[PDB]
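Asker: Supplied structure: run-v4.cif, mmCIF, N, CA and C atoms and all ligand atoms.
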data_coords
loop_
_atom_site.label_atom_id
_atom_site.label_comp_id
_atom_site.auth_asym_id
_atom_site.auth_seq_id
_atom_site.Cartn_x
_atom_site.Cartn_y
_atom_site.Cartn_z
N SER F 42 0.82 -1.22 0.00
CA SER F 42 0.00 0.00 0.00
C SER F 42 0.85 1.26 0.00
N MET F 43 0.30 2.30 -0.62
CA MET F 43 0.82 3.66 -0.54
C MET F 43 0.53 4.27 0.82
N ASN F 44 1.30 5.29 1.17
CA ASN F 44 0.93 6.11 2.29
C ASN F 44 -0.32 6.93 1.96
N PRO F 45 -1.10 7.27 2.98
CA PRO F 45 -2.15 8.26 2.80
C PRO F 45 -1.59 9.65 2.68
N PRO F 46 -2.40 10.58 2.13
CA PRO F 46 -1.99 11.98 2.28
C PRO F 46 -1.84 12.33 3.75
N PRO F 47 -0.91 13.23 4.08
CA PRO F 47 -0.73 13.65 5.47
C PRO F 47 -1.90 14.51 5.94
N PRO F 48 -2.01 14.72 7.26
CA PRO F 48 -3.07 15.60 7.76
C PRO F 48 -2.86 16.99 7.23
N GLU F 49 -3.94 17.72 6.99
CA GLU F 49 -3.76 19.08 6.51
C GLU F 49 -3.11 19.95 7.57
N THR F 50 -2.34 20.93 7.12
CA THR F 50 -1.66 21.85 8.03
C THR F 50 -2.00 23.30 7.71
N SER F 51 -2.83 23.51 6.69
CA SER F 51 -3.38 24.82 6.38
C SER F 51 -4.71 24.60 5.69
N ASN F 52 -5.59 25.58 5.79
CA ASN F 52 -6.90 25.48 5.19
C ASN F 52 -7.48 26.88 5.13
N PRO F 53 -7.67 27.43 3.93
CA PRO F 53 -8.17 28.80 3.84
C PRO F 53 -9.60 28.97 4.29
N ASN F 54 -10.35 27.87 4.42
CA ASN F 54 -11.76 27.91 4.82
C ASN F 54 -11.91 27.68 6.34
N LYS F 55 -10.80 27.49 7.05
CA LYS F 55 -10.83 27.26 8.51
C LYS F 55 -10.38 28.51 9.26
N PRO F 56 -11.27 29.12 10.06
CA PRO F 56 -10.81 30.31 10.78
C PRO F 56 -9.59 30.08 11.68
N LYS F 57 -8.75 31.10 11.80
CA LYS F 57 -7.47 31.00 12.48
C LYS F 57 -7.28 32.15 13.43
N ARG F 58 -6.52 31.93 14.49
CA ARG F 58 -6.13 33.07 15.32
C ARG F 58 -4.90 32.70 16.11
N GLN F 59 -4.32 33.72 16.74
CA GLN F 59 -3.22 33.54 17.67
C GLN F 59 -3.76 33.79 19.07
N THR F 60 -3.31 32.99 20.03
CA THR F 60 -3.67 33.21 21.42
C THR F 60 -2.41 32.96 22.25
N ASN F 61 -2.37 33.49 23.47
CA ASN F 61 -1.17 33.32 24.27
C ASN F 61 -0.97 31.84 24.55
N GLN F 62 -2.06 31.09 24.68
CA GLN F 62 -1.94 29.65 24.91
C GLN F 62 -1.36 28.93 23.70
N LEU F 63 -1.79 29.27 22.49
CA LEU F 63 -1.22 28.61 21.32
C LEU F 63 0.23 29.01 21.16
N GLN F 64 0.57 30.25 21.51
CA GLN F 64 1.95 30.69 21.44
C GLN F 64 2.80 29.88 22.41
N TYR F 65 2.28 29.65 23.60
CA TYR F 65 2.97 28.81 24.57
C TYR F 65 3.15 27.37 24.07
N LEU F 66 2.13 26.83 23.42
CA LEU F 66 2.22 25.48 22.88
C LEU F 66 3.34 25.37 21.86
N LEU F 67 3.58 26.42 21.08
CA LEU F 67 4.64 26.41 20.09
C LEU F 67 6.02 26.65 20.73
N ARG F 68 6.12 27.72 21.52
CA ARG F 68 7.41 28.19 22.03
C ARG F 68 7.94 27.35 23.18
N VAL F 69 7.05 26.70 23.93
CA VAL F 69 7.47 25.95 25.13
C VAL F 69 7.14 24.47 25.02
N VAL F 70 5.88 24.12 24.76
CA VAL F 70 5.51 22.71 24.78
C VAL F 70 6.12 21.97 23.59
N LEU F 71 5.82 22.41 22.38
CA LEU F 71 6.34 21.74 21.19
C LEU F 71 7.86 21.80 21.18
N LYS F 72 8.41 22.95 21.53
CA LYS F 72 9.86 23.14 21.50
C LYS F 72 10.53 22.09 22.37
N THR F 73 10.01 21.91 23.57
CA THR F 73 10.55 20.99 24.55
C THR F 73 10.48 19.54 24.05
N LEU F 74 9.34 19.12 23.55
CA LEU F 74 9.15 17.75 23.07
C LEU F 74 9.94 17.51 21.79
N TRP F 75 9.91 18.48 20.88
CA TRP F 75 10.57 18.35 19.59
C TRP F 75 12.06 18.05 19.71
N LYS F 76 12.70 18.64 20.71
CA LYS F 76 14.14 18.54 20.85
C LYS F 76 14.57 17.40 21.77
N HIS F 77 13.60 16.73 22.36
CA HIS F 77 13.84 15.60 23.24
C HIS F 77 14.49 14.43 22.50
N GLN F 78 15.35 13.68 23.18
CA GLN F 78 16.03 12.55 22.54
C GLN F 78 15.06 11.54 21.91
N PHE F 79 13.86 11.43 22.47
CA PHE F 79 12.89 10.44 21.99
C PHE F 79 11.90 10.99 20.95
N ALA F 80 12.10 12.22 20.49
CA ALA F 80 11.16 12.85 19.58
C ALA F 80 11.14 12.25 18.18
N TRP F 81 12.27 11.72 17.72
CA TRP F 81 12.44 11.50 16.28
C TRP F 81 11.36 10.60 15.61
N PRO F 82 10.82 9.55 16.28
CA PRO F 82 9.79 8.81 15.55
C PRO F 82 8.53 9.60 15.33
N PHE F 83 8.40 10.70 16.05
CA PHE F 83 7.16 11.46 16.10
C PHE F 83 7.26 12.79 15.39
N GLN F 84 8.38 13.04 14.73
CA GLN F 84 8.64 14.34 14.07
C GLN F 84 8.06 14.49 12.65
N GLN F 85 7.40 13.44 12.16
CA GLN F 85 6.84 13.45 10.82
C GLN F 85 5.75 12.39 10.72
N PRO F 86 4.87 12.51 9.72
CA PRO F 86 3.88 11.44 9.55
C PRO F 86 4.55 10.07 9.40
N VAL F 87 3.88 9.05 9.90
CA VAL F 87 4.42 7.70 9.81
C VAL F 87 4.54 7.26 8.34
N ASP F 88 5.76 6.94 7.91
CA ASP F 88 5.99 6.53 6.54
C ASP F 88 5.95 5.02 6.54
N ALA F 89 4.75 4.49 6.43
CA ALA F 89 4.56 3.06 6.55
C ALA F 89 5.26 2.34 5.42
N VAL F 90 5.37 2.99 4.26
CA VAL F 90 6.03 2.36 3.11
C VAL F 90 7.52 2.14 3.37
N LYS F 91 8.20 3.22 3.74
CA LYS F 91 9.64 3.13 3.98
C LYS F 91 9.92 2.26 5.18
N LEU F 92 9.11 2.39 6.22
CA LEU F 92 9.36 1.66 7.45
C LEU F 92 8.96 0.20 7.39
N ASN F 93 8.27 -0.18 6.31
CA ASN F 93 7.76 -1.53 6.17
C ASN F 93 6.81 -1.88 7.31
N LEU F 94 5.60 -1.33 7.23
CA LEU F 94 4.52 -1.59 8.18
C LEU F 94 3.21 -1.59 7.41
N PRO F 95 3.01 -2.60 6.55
CA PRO F 95 1.88 -2.59 5.60
C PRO F 95 0.51 -2.55 6.27
N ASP F 96 0.44 -2.74 7.59
CA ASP F 96 -0.84 -2.65 8.29
C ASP F 96 -1.05 -1.34 9.07
N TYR F 97 -0.08 -0.42 9.06
CA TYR F 97 -0.16 0.74 9.93
C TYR F 97 -1.45 1.52 9.70
N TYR F 98 -1.76 1.82 8.44
CA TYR F 98 -2.92 2.66 8.15
C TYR F 98 -4.19 1.86 7.95
N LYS F 99 -4.11 0.54 8.08
CA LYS F 99 -5.31 -0.30 8.20
C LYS F 99 -5.78 -0.23 9.66
N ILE F 100 -4.82 -0.05 10.57
CA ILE F 100 -5.07 -0.03 12.01
C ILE F 100 -5.29 1.37 12.55
N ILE F 101 -4.47 2.32 12.10
CA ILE F 101 -4.51 3.69 12.59
C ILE F 101 -5.20 4.57 11.54
N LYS F 102 -6.42 4.98 11.84
CA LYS F 102 -7.21 5.79 10.91
C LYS F 102 -7.24 7.25 11.34
N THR F 103 -6.51 7.56 12.41
CA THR F 103 -6.41 8.91 12.95
C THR F 103 -4.96 9.31 13.13
N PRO F 104 -4.17 9.28 12.05
CA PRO F 104 -2.75 9.60 12.19
C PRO F 104 -2.50 11.03 12.63
N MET F 105 -1.48 11.19 13.46
CA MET F 105 -1.05 12.52 13.86
C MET F 105 0.39 12.45 14.33
N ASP F 106 1.12 13.54 14.20
CA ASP F 106 2.56 13.58 14.49
C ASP F 106 2.98 15.00 14.82
N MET F 107 4.16 15.17 15.42
CA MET F 107 4.61 16.51 15.84
C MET F 107 5.05 17.35 14.67
N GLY F 108 5.41 16.75 13.52
CA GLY F 108 5.73 17.57 12.35
C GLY F 108 4.50 18.32 11.88
N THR F 109 3.38 17.60 11.84
CA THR F 109 2.10 18.19 11.50
C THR F 109 1.68 19.23 12.52
N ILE F 110 1.83 18.92 13.81
CA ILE F 110 1.47 19.87 14.86
C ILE F 110 2.33 21.13 14.74
N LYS F 111 3.62 20.96 14.49
CA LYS F 111 4.53 22.09 14.36
C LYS F 111 4.08 23.01 13.22
N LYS F 112 3.73 22.42 12.08
CA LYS F 112 3.26 23.24 10.96
C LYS F 112 1.93 23.90 11.28
N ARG F 113 1.01 23.17 11.92
CA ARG F 113 -0.29 23.77 12.28
C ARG F 113 -0.07 24.99 13.19
N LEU F 114 0.84 24.86 14.15
CA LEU F 114 1.12 25.99 15.04
C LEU F 114 1.77 27.14 14.29
N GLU F 115 2.77 26.85 13.47
CA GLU F 115 3.49 27.90 12.73
C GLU F 115 2.58 28.61 11.74
N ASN F 116 1.62 27.86 11.18
CA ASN F 116 0.70 28.37 10.17
C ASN F 116 -0.52 29.04 10.80
N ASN F 117 -0.56 29.09 12.13
CA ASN F 117 -1.76 29.52 12.87
C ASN F 117 -3.04 28.82 12.40
N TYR F 118 -2.95 27.51 12.20
CA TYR F 118 -4.06 26.70 11.71
C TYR F 118 -5.18 26.54 12.74
N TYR F 119 -4.79 26.55 14.01
CA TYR F 119 -5.71 26.30 15.10
C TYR F 119 -6.48 27.53 15.52
N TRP F 120 -7.67 27.31 16.07
CA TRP F 120 -8.42 28.36 16.73
C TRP F 120 -8.23 28.30 18.24
N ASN F 121 -8.13 27.11 18.80
CA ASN F 121 -7.90 27.06 20.22
C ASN F 121 -6.91 26.02 20.60
N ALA F 122 -6.42 26.18 21.81
CA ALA F 122 -5.37 25.33 22.32
C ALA F 122 -5.83 23.89 22.43
N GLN F 123 -7.11 23.67 22.70
CA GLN F 123 -7.61 22.30 22.85
C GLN F 123 -7.43 21.49 21.59
N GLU F 124 -7.55 22.12 20.43
CA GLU F 124 -7.33 21.44 19.16
C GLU F 124 -5.92 20.87 19.12
N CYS F 125 -4.95 21.65 19.57
CA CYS F 125 -3.57 21.25 19.55
C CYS F 125 -3.28 20.16 20.58
N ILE F 126 -3.78 20.34 21.79
CA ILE F 126 -3.63 19.34 22.83
C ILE F 126 -4.20 18.01 22.35
N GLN F 127 -5.37 18.05 21.70
CA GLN F 127 -6.01 16.85 21.17
C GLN F 127 -5.11 16.16 20.14
N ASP F 128 -4.42 16.95 19.32
CA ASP F 128 -3.53 16.36 18.31
C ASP F 128 -2.38 15.60 18.99
N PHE F 129 -1.77 16.19 20.02
CA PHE F 129 -0.73 15.48 20.77
C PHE F 129 -1.29 14.18 21.34
N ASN F 130 -2.45 14.24 21.99
CA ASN F 130 -3.04 13.05 22.57
C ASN F 130 -3.31 11.97 21.54
N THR F 131 -3.83 12.36 20.37
CA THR F 131 -4.06 11.40 19.29
C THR F 131 -2.76 10.72 18.90
N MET F 132 -1.70 11.50 18.74
CA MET F 132 -0.38 10.95 18.42
C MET F 132 0.07 9.89 19.42
N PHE F 133 -0.04 10.18 20.71
CA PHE F 133 0.36 9.21 21.72
C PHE F 133 -0.54 7.97 21.67
N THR F 134 -1.85 8.17 21.55
CA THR F 134 -2.78 7.07 21.54
C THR F 134 -2.50 6.13 20.37
N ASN F 135 -2.21 6.68 19.19
CA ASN F 135 -1.90 5.85 18.03
C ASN F 135 -0.74 4.90 18.36
N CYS F 136 0.28 5.43 19.02
CA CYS F 136 1.45 4.64 19.36
C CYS F 136 1.07 3.48 20.28
N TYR F 137 0.23 3.79 21.26
CA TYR F 137 -0.16 2.81 22.26
C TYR F 137 -1.07 1.75 21.68
N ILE F 138 -1.81 2.08 20.62
CA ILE F 138 -2.69 1.13 19.96
C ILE F 138 -1.94 0.25 18.97
N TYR F 139 -1.04 0.83 18.18
CA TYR F 139 -0.37 0.07 17.13
C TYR F 139 0.72 -0.85 17.68
N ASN F 140 1.38 -0.41 18.75
CA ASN F 140 2.56 -1.12 19.26
C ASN F 140 2.24 -1.90 20.54
N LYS F 141 3.08 -2.87 20.87
CA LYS F 141 2.83 -3.71 22.03
C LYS F 141 3.26 -2.98 23.31
N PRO F 142 2.52 -3.18 24.41
CA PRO F 142 2.96 -2.56 25.66
C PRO F 142 4.37 -3.03 25.96
N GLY F 143 5.21 -2.17 26.48
CA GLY F 143 6.56 -2.60 26.79
C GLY F 143 7.53 -2.47 25.62
N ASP F 144 7.04 -2.28 24.40
CA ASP F 144 7.94 -1.99 23.27
C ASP F 144 8.69 -0.71 23.57
N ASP F 145 9.92 -0.60 23.08
CA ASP F 145 10.72 0.59 23.34
C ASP F 145 10.03 1.86 22.85
N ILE F 146 9.38 1.81 21.69
CA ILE F 146 8.72 3.01 21.19
C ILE F 146 7.56 3.44 22.11
N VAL F 147 6.90 2.49 22.77
CA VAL F 147 5.87 2.84 23.74
C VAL F 147 6.48 3.55 24.94
N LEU F 148 7.61 3.04 25.43
CA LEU F 148 8.31 3.69 26.53
C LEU F 148 8.74 5.10 26.15
N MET F 149 9.16 5.28 24.90
CA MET F 149 9.53 6.61 24.39
C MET F 149 8.33 7.53 24.42
N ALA F 150 7.22 7.08 23.85
CA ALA F 150 6.00 7.86 23.86
C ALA F 150 5.57 8.20 25.28
N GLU F 151 5.64 7.25 26.19
CA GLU F 151 5.22 7.50 27.57
C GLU F 151 6.07 8.59 28.22
N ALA F 152 7.37 8.60 27.94
CA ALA F 152 8.25 9.63 28.47
C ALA F 152 7.89 11.01 27.90
N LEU F 153 7.65 11.07 26.61
CA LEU F 153 7.22 12.30 25.98
C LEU F 153 5.88 12.76 26.52
N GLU F 154 4.94 11.83 26.69
CA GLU F 154 3.61 12.20 27.19
C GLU F 154 3.68 12.73 28.63
N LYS F 155 4.50 12.10 29.47
CA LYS F 155 4.69 12.60 30.84
C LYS F 155 5.13 14.06 30.82
N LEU F 156 6.10 14.37 29.96
CA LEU F 156 6.62 15.73 29.83
C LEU F 156 5.53 16.67 29.31
N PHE F 157 4.84 16.21 28.28
CA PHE F 157 3.73 16.94 27.71
C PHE F 157 2.71 17.37 28.77
N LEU F 158 2.30 16.42 29.60
CA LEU F 158 1.24 16.71 30.57
C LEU F 158 1.73 17.71 31.62
N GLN F 159 3.01 17.65 31.95
CA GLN F 159 3.58 18.60 32.89
C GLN F 159 3.51 20.00 32.29
N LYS F 160 3.88 20.11 31.03
CA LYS F 160 3.96 21.42 30.41
C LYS F 160 2.57 22.01 30.22
N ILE F 161 1.55 21.18 29.95
CA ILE F 161 0.23 21.78 29.74
C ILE F 161 -0.43 22.16 31.08
N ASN F 162 0.05 21.62 32.20
CA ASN F 162 -0.38 22.17 33.49
C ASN F 162 0.10 23.60 33.70
N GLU F 163 1.11 23.99 32.92
CA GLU F 163 1.71 25.30 33.03
C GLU F 163 1.14 26.29 32.02
N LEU F 164 0.11 25.87 31.29
CA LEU F 164 -0.54 26.72 30.29
C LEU F 164 -0.95 28.06 30.91
N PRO F 165 -0.58 29.17 30.26
CA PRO F 165 -0.97 30.45 30.85
C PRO F 165 -2.45 30.73 30.65
N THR F 166 -2.99 31.60 31.49
CA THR F 166 -4.35 32.09 31.33
C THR F 166 -4.50 32.84 30.01
N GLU F 167 -5.65 32.68 29.36
CA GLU F 167 -5.98 33.44 28.16
C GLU F 167 -6.02 34.93 28.45
N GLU F 168 -5.47 35.74 27.56
CA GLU F 168 -5.46 37.19 27.76
C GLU F 168 -6.70 37.82 27.14
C1 LIG F 201 5.56 6.39 15.41
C2 LIG F 201 5.50 5.30 14.33
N1 LIG F 201 6.23 4.09 14.65
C3 LIG F 201 7.56 3.91 14.30
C4 LIG F 201 8.24 2.69 14.59
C5 LIG F 201 7.49 1.69 15.28
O1 LIG F 201 7.97 0.57 15.60
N2 LIG F 201 6.19 1.91 15.60
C6 LIG F 201 5.56 3.08 15.30
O2 LIG F 201 4.36 3.19 15.66
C7 LIG F 201 9.71 2.54 14.25
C8 LIG F 201 10.51 2.46 15.52
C9 LIG F 201 11.12 1.28 15.98
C10 LIG F 201 11.85 1.26 17.19
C11 LIG F 201 11.99 2.43 17.96
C12 LIG F 201 12.76 2.39 19.22
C13 LIG F 201 11.38 3.61 17.51
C14 LIG F 201 10.65 3.62 16.32
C15 LIG F 201 10.26 3.68 13.51
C16 LIG F 201 9.54 4.78 13.27
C17 LIG F 201 10.27 5.74 12.49
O3 LIG F 201 11.55 5.11 12.40
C18 LIG F 201 11.51 3.87 12.93
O4 LIG F 201 12.49 3.07 12.87
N3 LIG F 201 8.25 4.90 13.65
#
Rewrite the structure of this file - the entire thing - as structure tokens.

Answerer:
Amino acid sequence: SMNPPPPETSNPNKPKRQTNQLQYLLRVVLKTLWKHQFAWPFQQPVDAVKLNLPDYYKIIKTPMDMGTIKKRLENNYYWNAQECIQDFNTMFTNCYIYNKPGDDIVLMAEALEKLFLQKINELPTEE
């Protein structure tokens, strides 16, 4: 099978705005996770073709990744912070569903998610 098209990262028909919370998600939350030693499997859409995982997109129908999130934030694609938080959660959940508990990639995701949840407790109040 071919890869699917990646998630959209811009849409002229989708209203957009900047908020202090979305700015924080880009400058602090994404920045922190993106540069983490365990980030690399999550920095781009899953390339099931190159990686040889012919069942990935038969199993995962809600793909999401930090490369997509990074572009959505940079492009001001989101209207609210919850949209972005949901994308991170979807990314982690996909990993936990596709892979076996105890697999190294699951441990990587869990470490990233722990950090993620800490940082979103620090979300600033909306101005
Ligand atoms: C996020 C998508 N994904 C990936 C892999 C996987 O086993 N399961 C999976 O859900 C695979 C891999 C294998 C072992 C480790 C320690 C990390 C990553 C892999 C990537 C990218 O490069 C790769 O070697 N992604």

Asker: Go through F:51, F:62, F:73, F:84 and flag the residue nearest ligand LIG 201 (chain F), using all atoms listed in the file for the distances.

Answerer: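 Closest to ligand LIG 201 (chain F), using all atoms listed in the file: F:84.
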
Asker: Let me make sure I understand: among F:43, F:161, F:146, F:156, which one has the smallest atom-to-atom distance to residue 126 of chain F if we use only C-alpha atoms?

Answerer: F:161

Asker: Grab me every residue within 6.5 Å of ligand LIG 201 (chain F), counting all atoms listed in the file, and send it over as a ChimeraX atom specification.

Answerer: /F:81-83,87,92,135-136,139-140,145-146

Asker: Keeping only N, CA and C atoms, write the selected residues to a file as a JSON list (two decimals), in the coordinates of the input.

Answerer:
[["chain", "number", "residue", "atom", "x", "y", "z"],
["F", 81, "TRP", "N", 12.27, 11.72, 17.72],
["F", 81, "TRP", "CA", 12.44, 11.50, 16.28],
["F", 81, "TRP", "C", 11.36, 10.60, 15.61],
["F", 82, "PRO", "N", 10.82, 9.55, 16.28],
["F", 82, "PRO", "CA", 9.79, 8.81, 15.55],
["F", 82, "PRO", "C", 8.53, 9.60, 15.33],
["F", 83, "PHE", "N", 8.40, 10.70, 16.05],
["F", 83, "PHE", "CA", 7.16, 11.46, 16.10],
["F", 83, "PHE", "C", 7.26, 12.79, 15.39],
["F", 87, "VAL", "N", 3.88, 9.05, 9.90],
["F", 87, "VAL", "CA", 4.42, 7.70, 9.81],
["F", 87, "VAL", "C", 4.54, 7.26, 8.34],
["F", 92, "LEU", "N", 9.11, 2.39, 6.22],
["F", 92, "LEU", "CA", 9.36, 1.66, 7.45],
["F", 92, "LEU", "C", 8.96, 0.20, 7.39],
["F", 135, "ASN", "N", -2.21, 6.68, 19.19],
["F", 135, "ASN", "CA", -1.90, 5.85, 18.03],
["F", 135, "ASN", "C", -0.74, 4.90, 18.36],
["F", 136, "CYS", "N", 0.28, 5.43, 19.02],
["F", 136, "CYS", "CA", 1.45, 4.64, 19.36],
["F", 136, "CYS", "C", 1.07, 3.48, 20.28],
["F", 139, "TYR", "N", -1.04, 0.83, 18.18],
["F", 139, "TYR", "CA", -0.37, 0.07, 17.13],
["F", 139, "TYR", "C", 0.72, -0.85, 17.68],
["F", 140, "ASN", "N", 1.38, -0.41, 18.75],
["F", 140, "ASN", "CA", 2.56, -1.12, 19.26],
["F", 140, "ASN", "C", 2.24, -1.90, 20.54],
["F", 145, "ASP", "N", 9.92, -0.60, 23.08],
["F", 145, "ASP", "CA", 10.72, 0.59, 23.34],
["F", 145, "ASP", "C", 10.03, 1.86, 22.85],
["F", 146, "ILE", "N", 9.38, 1.81, 21.69],
["F", 146, "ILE", "CA", 8.72, 3.01, 21.19],
["F", 146, "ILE", "C", 7.56, 3.44, 22.11]]

Asker: Among chain F, which ones does DSSP assign to alpha helix (DSSP H) (computed from the backbone)? Answer as JSON, numbers by chain.

Answerer: {"F": [61, 62, 63, 64, 65, 72, 73, 74, 75, 89, 90, 91, 92, 97, 98, 99, 100, 107, 108, 109, 110, 111, 112, 113, 114, 115, 122, 123, 124, 125, 126, 127, 128, 129, 130, 131, 132, 133, 134, 135, 136, 137, 138, 139, 145, 146, 147, 148, 149, 150, 151, 152, 153, 154, 155, 156, 157, 158, 159, 160, 161]}

Asker: Quick one: residues within 7 Å of residue 85 of chain F, only C-alpha atoms counted, chain neighbours fewer than 3 positions away excluded, as a list in words?

Answerer: residues 106, 107, 108 and 109 of chain F

Asker: Rounded to one decimal in Å, what is the spacing between atom CA of residue 65 of chain F and atom C of residue 152 of chain F?

Answerer: 18.8 Å

Asker: Quote the spacing between atom CA of residue 132 of chain F and atom CA of residue 111 of chain F in Å to one decimal place.

Answerer: 12.8 Å

Asker: Figure out the distance between atom N of residue 133 of chain F and atom CA of residue 61 of chain F, please, to one decimal in Å.

Answerer: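 Going from atom CA of residue 61 of chain F over to atom N of residue 133 of chain F covers 23.4 Å.
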
Asker: Is it possible to get the residues within 6.5 Å of (-7.0, 29.1, 12.1) (coordinates as in the file, counting only N, CA and C atoms) written as number ranges by chain?

Answerer: F: 55-58, 117-120

Asker: What are the closest atom pairs, with distances in Å to one decimal, for all residues of segment 77-143 of chain F lying within 8 Å of segment 44-49 of chain F? Consider all atoms listed in the file, order rows by chain and residue number, and present the result as CSV.

Answerer:
residue,atom,partner,partner_atom,distance
F:86,CA,F:47,CA,6.5
F:87,C,F:44,CA,7.1
F:88,CA,F:44,CA,6.6
F:89,N,F:44,CA,5.9
F:90,N,F:44,N,5.6
F:91,N,F:44,N,7.6
F:98,CA,F:45,N,7.2
F:104,C,F:48,N,6.5
F:105,CA,F:48,N,7.0
F:106,N,F:48,N,7.7
F:109,CA,F:48,C,6.7
F:112,C,F:49,C,7.4
F:113,CA,F:49,C,6.7
F:118,CA,F:49,C,8.0

Asker: Could you dump the residues just selected with N, CA and C atoms as a JSON list (two decimals), keeping the file's coordinate frame?

Answerer:
[["chain", "number", "residue", "atom", "x", "y", "z"],
["F", 86, "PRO", "N", 4.87, 12.51, 9.72],
["F", 86, "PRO", "CA", 3.88, 11.44, 9.55],
["F", 86, "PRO", "C", 4.55, 10.07, 9.40],
["F", 87, "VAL", "N", 3.88, 9.05, 9.90],
["F", 87, "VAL", "CA", 4.42, 7.70, 9.81],
["F", 87, "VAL", "C", 4.54, 7.26, 8.34],
["F", 88, "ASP", "N", 5.76, 6.94, 7.91],
["F", 88, "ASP", "CA", 5.99, 6.53, 6.54],
["F", 88, "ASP", "C", 5.95, 5.02, 6.54],
["F", 89, "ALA", "N", 4.75, 4.49, 6.43],
["F", 89, "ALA", "CA", 4.56, 3.06, 6.55],
["F", 89, "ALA", "C", 5.26, 2.34, 5.42],
["F", 90, "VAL", "N", 5.37, 2.99, 4.26],
["F", 90, "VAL", "CA", 6.03, 2.36, 3.11],
["F", 90, "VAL", "C", 7.52, 2.14, 3.37],
["F", 91, "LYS", "N", 8.20, 3.22, 3.74],
["F", 91, "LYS", "CA", 9.64, 3.13, 3.98],
["F", 91, "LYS", "C", 9.92, 2.26, 5.18],
["F", 98, "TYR", "N", -1.76, 1.82, 8.44],
["F", 98, "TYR", "CA", -2.92, 2.66, 8.15],
["F", 98, "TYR", "C", -4.19, 1.86, 7.95],
["F", 104, "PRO", "N", -4.17, 9.28, 12.05],
["F", 104, "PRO", "CA", -2.75, 9.60, 12.19],
["F", 104, "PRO", "C", -2.50, 11.03, 12.63],
["F", 105, "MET", "N", -1.48, 11.19, 13.46],
["F", 105, "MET", "CA", -1.05, 12.52, 13.86],
["F", 105, "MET", "C", 0.39, 12.45, 14.33],
["F", 106, "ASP", "N", 1.12, 13.54, 14.20],
["F", 106, "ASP", "CA", 2.56, 13.58, 14.49],
["F", 106, "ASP", "C", 2.98, 15.00, 14.82],
["F", 109, "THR", "N", 3.38, 17.60, 11.84],
["F", 109, "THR", "CA", 2.10, 18.19, 11.50],
["F", 109, "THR", "C", 1.68, 19.23, 12.52],
["F", 112, "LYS", "N", 3.73, 22.42, 12.08],
["F", 112, "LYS", "CA", 3.26, 23.24, 10.96],
["F", 112, "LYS", "C", 1.93, 23.90, 11.28],
["F", 113, "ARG", "N", 1.01, 23.17, 11.92],
["F", 113, "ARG", "CA", -0.29, 23.77, 12.28],
["F", 113, "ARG", "C", -0.07, 24.99, 13.19],
["F", 118, "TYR", "N", -2.95, 27.51, 12.20],
["F", 118, "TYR", "CA", -4.06, 26.70, 11.71],
["F", 118, "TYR", "C", -5.18, 26.54, 12.74]]

Asker: From the set F:142, F:101, F:50, F:63, which residue has the shortest atom-to-atom contact distance to residue 165 of chain F, counting only C-alpha atoms?

Answerer: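 Of F:142, F:101, F:50, F:63, the one nearest residue 165 of chain F is F:63, counting only C-alpha atoms.
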
Asker: To box segment 135-146 of chain F, take all atoms listed in the file, fit an axis-aligned box, add 4 Å on each side, and give centre and edge lengths in Å to one decimal, as AutoDock Vina command-line options.

Answerer:
--center_x 4.0 --center_y 1.5 --center_z 22.0 --size_x 21.4 --size_y 18.4 --size_z 17.7
